[PDB]
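**Student:**
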Amino acid sequence: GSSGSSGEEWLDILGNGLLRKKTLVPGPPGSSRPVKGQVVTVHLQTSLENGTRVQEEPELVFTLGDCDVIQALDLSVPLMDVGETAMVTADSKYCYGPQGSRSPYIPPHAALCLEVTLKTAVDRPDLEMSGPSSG
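Its first residue numbered 306, the sequence shown is counted upward by one per residue in this note's numbering.
Have a look at this one:
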């Protein structure tokens, strides 16, 4: 027969298998998934499949719904409730690309372990005296 939710292994966000998600720590019953188009602040940490931390962003902020961040992070944020620590493992393609990065630099086709943590989601900006400009 069939029980219902079949989650023996990581969760397929896209379905292919590249970009996956693993809830490390679930949030409270009061929390809930944020909205696309608001200021979401989480903690993303890039690390080589081996264990070579490439970067560490404690206060990562971006505008959900604008792909202003990694394709494995912006596609996971809206897949986790505020206060729930979830990890994501996608191929470089979704991370930086088959071409690599600049600074920090990263090798192509080189998967990277990223740990997403939804802290708070609001409309108001977090980083004062900061923002994009025309030029």
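Ideal Cβ placement from N, Cα and C applies to all residues, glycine included.
Tell whether a beta-carbon distance below 8 Å holds between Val-366 and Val-344.
**Tutor:** In this structure, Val-344 lies closer than 8 Å to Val-366 by Cβ.
**Student:** Among all the DSSP beta bridges, which residues are the ones paired with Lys-326?
**Tutor:** The partner list for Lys-326 (beta bridge, DSSP) reads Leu-316, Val-393.
**Student:** In chain order, which beta strand (DSSP E) runs of at least 3 residues are fully inside the stretch 340–390?
**Tutor:** Taking only runs of at least 3 residues, the beta strand (DSSP E) segments lying wholly in the stretch 340–390 are 344–353, 358–368.
**Student:** Where do the ends of the beta strand (DSSP E) carrying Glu-433 lie?
**Tutor:** That residue, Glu-433, is in no beta strand (DSSP E); it is neither H nor E in DSSP.
**Student:** What are the boundary residues of the beta strand (DSSP E) that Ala-415 is part of?
**Tutor:** Element bounds for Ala-415: n/a, residue is neither H nor E.
**Student:** Excluding sequence positions up to five away, which residues of its chain have a Cβ less than 7 Å from the Cβ of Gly-405?
**Tutor:** Taken in chain order, the residues that qualify are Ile-411, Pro-412, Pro-413.
**Student:** Can you say whether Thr-351 is buried or exposed, counting buried as having 16 or more other CB atoms within 10 angstroms of its CB?
**Tutor:** It is buried - the Cβ of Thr-351 has at least 16 other Cβ atoms within 10 Å.
**Student:** Does the beta-carbon of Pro-437 have 16 or more other beta-carbons within 10 angstroms, so that it is buried, or is it exposed?
**Tutor:** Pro-437 is exposed by the Cβ-count criterion.
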